[PDB]
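1. No letters, just coordinates:
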Ligand SMILES: N[C@H](CC(=O)O)C(=O)O
Ligand SMILES: N[C@H](CC(=O)O)C(=O)O
């Protein structure tokens, strides 16, 4: 049977919610033996991703990712890292451990190709600084980049609201204002913590915003993707 | 840093919710590097626990638990199995793999000693048949056992409602009626799926019922228990 391995804890709140999403979107028909097999390493003790970018101890962070990829390579058939920012480590990791990896950057890119409309990349300054989406996406011309001022406001939303488990709907007004400002009906979850907002919107039946949210997509399409 | 290993997927819905509970009840102060480190094996492909009791393939089920305990023994400092029923396998597993194990039966027993009032064991027929609580708890005289008719109604709640992810509050009326019938203000989560009801009650501020719910307790007391 096909096993998904999640290297998560980045942050833990969204890591936990992602696991809920998997079984929410893959309900069983008769017996729960049908349902997805998943291994989660929720290690919040990973050194902060955006924090490690402003240090010589990117090295420390890349080691974290490498050792845990070694462990999960032995245990899982596909792997996901529960942080977009964290994908910056991948050029330093040997090609063999990235064999099973399913990139959140690539998943985002596939969705955006199908959607084919300008879309606002909501992400941390560190994700922006590492230019993961602009360098990684075939659809980069459809990505609207936040200004530096708005990047910091998003960083503030992620850390002061979403990572601390507060109601993701509490930032919806600020987000509609950004979408309205940058003149788009659509966002990319450049930070995985926007999985939490994506869920709260779907739950509330707000279908006016189009979320390109890789963790949602991985959950929805678990049967097809994991083999 | 201290790592909790969860052998779960039994069922997956409650396994996912338990991981949410851990970070809900252990919010970080400044940085999320503070937060709990957890490994989850959510394998719903485990053969049904109550189902395996009515077969010669208890053997198949005990092997599942043993191999996964071997894996988690190498990776974690404490282990929990996310099924009460599943604890029936433990007499067959060698003492060395049970070193790190934190029994849900024992955790329930500790809580009930402190509470010290008659309490209704809500559980599957298979948990009842294996007599895990009556044989395992020092406080067994405080446990009120369901009749066989009511055991089947609970089995129906677990499988038709809670395991399929439906609103745990949808069974609250039926549960108040059982507590009222057996003349008590208190239940034991003999099935782990009653973690889901315990959460939905705490969220709704219903403090009239006292839940002896081991997964809640493990989450609340993560710092103290995990070392
Ligand atoms: N939430 C992660 C960054 C992190 O907090 O590690 C991301 O995808 O951007
Ligand atoms: N939910 C489990 C039984 C199971 O479904 O495996 C229990 O604790 O009873």
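-> Perfect, thanks for sending it. Numbers count the residues shown, from 1 in each chain, chains lettered A, B, ... in the order given. Ligands and ions are numbered 1, 2, ... in the order given.
2. which bits of chain A sit near ligand 1?
-> Within chain A, the residues that sit near ligand 1 (C-beta under 6 Å from any ligand atom) are A:10, A:11, A:49, A:83, A:84, A:85, A:86, A:124, A:127, A:191, A:192, A:193. C-beta: built from backbone N, CA, C; applies to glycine.
3. Of the residues you listed, keep whichever come out buried.
-> Listed as buried from the residues of chain A next to ligand 1 are A:10, A:11, A:49, A:83, A:84, A:85, A:86, A:124, A:127, A:191, A:192, A:193; burial here means 16 or more other C-beta atoms under 10 Å in any protein chain shown.
4. rewinding a little: which ones among the residues of chain A next to ligand 1 are found in helices?
-> Members of these lying in helices (criterion: DSSP state H): A:49, A:127.
5. so which of the residues of chain A next to ligand 1 comes closest to residue B:119?
-> Residue B:119 lies nearest to residue A:11 out of the residues of chain A next to ligand 1, by C-beta to C-beta, at 36.7 Å.
6. who are the neighbours in contact with the closest one?
-> By C-beta atoms under 8 Å, 6 or more residues apart in numbering or on different chains, the contact set of residue A:11 is A:44, A:162, A:163, A:192, A:193, B:32, B:35.
7. again with residue A:142
-> A:112, A:116, A:117, A:118, A:119.
8. show me where chain A has strands.
-> Per DSSP state E, chain A carries strands over the ranges A:3-8, A:37-42, A:78-81, A:119-122, A:143-145, A:186-189, A:210-212.
9. Could you check how far the spatially most central residue of chain A is from residue B:80?
-> The centroid of chain A falls nearest to residue A:192 when counting by C-alpha atoms, centre = their mean (3.1 Å). Distance of residue A:192 to residue B:80, computed by C-beta to C-beta, to the nearest Å: 26 Å.
10. ok, now how distant is residue A:165 from chain B?
-> 6 Å (C-beta to the nearest C-beta, to the nearest Å).
11. Which stretches in chain A count as helices?
-> Along chain A, the segments classed as helices by DSSP H run A:12-24, A:49-53, A:58-75, A:104-115, A:125-130, A:132-136, A:148-157, A:172-181, A:194-203, A:214-220, A:222-225.
12. Just name the most buried of those helices.
-> Among the helices of chain A, the stretch with the highest mean neighbour count (mean count of other C-beta atoms under 10 Å in any protein chain shown) is helix A:12-24, at a mean of 25.
13. same for that helix, what does it pack against?
-> Other helices and strands packing on helix A:12-24, by 3 or more C-beta pairs under 8 Å, 6 or more residues apart in numbering or on different chains; DSSP states H and E, are strand A:3-8, strand A:37-42, helix A:194-203, helix A:214-220, helix B:12-24, strand B:37-42.
14. Between strand A:3-8 and the longest one, find me the angle.
-> For helix B:12-24 against strand A:3-8, the angle between stretch directions is 10 degrees (axes from the mean of the first three to the mean of the last three C-alpha atoms, to 10 degrees).
15. and helix B:12-24 with ligand 2, contact?
-> No. Helix B:12-24 does not reach ligand 2 (C-beta under 6 Å from any ligand atom); its nearest approach is 6.6 Å.
16. residue contacts, the residue sitting furthest away from the middle of chain A?
-> Note on chain A: the largest C-alpha distance from the chain mean falls to residue A:30, namely 31.1 Å (C-alpha atoms, centre = their mean). Contact analysis of residue A:30 by C-beta under 8 Å, 6+ apart lists nothing.
17. before we move on, back to that, for the helices of chain A, which one sits closest to residue B:55?
-> helix A:12-24 (25.8 Å).
18. what's that closest one in contact with?
-> By C-beta under 8 Å, 6+ apart, helix A:12-24 touches A:4, A:6, A:8-9, A:35-36, A:38, A:40, A:42, A:44, A:82, A:162-165, A:192-193, A:195-196, A:199, A:215-216, A:219, A:222, B:12-13, B:15-17, B:19-20, B:22-23, B:32, B:35-36, B:38, B:40, B:42, B:165.
19. mind redoing it with 6 Å?
-> By C-beta atoms under 6 Å, 6 or more residues apart in numbering or on different chains, the surrounding residues in contact with helix A:12-24 are A:8-9, A:36, A:40, A:42, A:44, A:82, A:163, A:165, A:192-193, A:195-196, A:215, A:219, B:12-13, B:16, B:19-20, B:23, B:35.
20. okay, the angle between it and strand A:37-42?
-> Orientation check (the same axes, to 10 degrees): helix A:12-24 against strand A:37-42 gives 170 degrees.
21. Now the two most distant members of the buried ones among the residues of chain A next to ligand 1.
-> Pairwise distances across these peak at 13.7 Å for A:11 and A:127 (criterion: C-beta to C-beta).
22. First-to-last residue distance for stretch A:207-217?
-> End-to-end distance for stretch A:207-217: 16 Å, by C-alpha to C-alpha, to the nearest Å.
23. just stretch A:48-68 next, same as before
-> The first residue of stretch A:48-68 is 16 Å away from its last residue (C-alpha to C-alpha).
24. Give me the residues contacting that stretch.
-> By C-beta under 6 Å, 6+ apart, stretch A:48-68 touches A:7, A:41, A:46, A:47, A:83, A:85, A:86, A:89, A:92, A:93, A:124, A:126.
25. Please tell me I have it right and the second one contacts residue A:4.
-> What it means is residue A:41. No. Contact criterion C-beta atoms under 6 Å: residue A:41 and residue A:4 do not qualify, at 11.7 Å.
26. could I get the contacts of stretch A:48-68 as JSON lines with distance to residue A:101?
-> Conversion of the contacts of stretch A:48-68 to JSON lines gives the following (distance: C-beta to C-beta, whole Å):
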{"residue": "A:7", "distance to residue A:101": "9"}
{"residue": "A:41", "distance to residue A:101": "14"}
{"residue": "A:46", "distance to residue A:101": "16"}
{"residue": "A:47", "distance to residue A:101": "20"}
{"residue": "A:83", "distance to residue A:101": "13"}
{"residue": "A:85", "distance to residue A:101": "15"}
{"residue": "A:86", "distance to residue A:101": "11"}
{"residue": "A:89", "distance to residue A:101": "11"}
{"residue": "A:92", "distance to residue A:101": "14"}
{"residue": "A:93", "distance to residue A:101": "9"}
{"residue": "A:124", "distance to residue A:101": "21"}
{"residue": "A:126", "distance to residue A:101": "20"}
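27. Can you tell me how far residue A:153 is from ligand 2?
-> 43 Å (C-beta to the nearest ligand atom, to the nearest Å).
28. Which of the helices and strands packed on helix A:12-24 sits closest to residue B:179?
-> Closest approach to residue B:179 among these is made by helix B:12-24 (20.9 Å; C-beta to C-beta).
29. what angle sits between that closest one and helix B:194-203?
-> Counting by the same axes, to 10 degrees, helix B:12-24 lies at 50 degrees to helix B:194-203.
30. Residue A:100 touches residue A:79, doesn't it?
-> Yes. Counting by C-beta under 6 Å, residue A:79 is a contact partner of residue A:100 at 4.7 Å.
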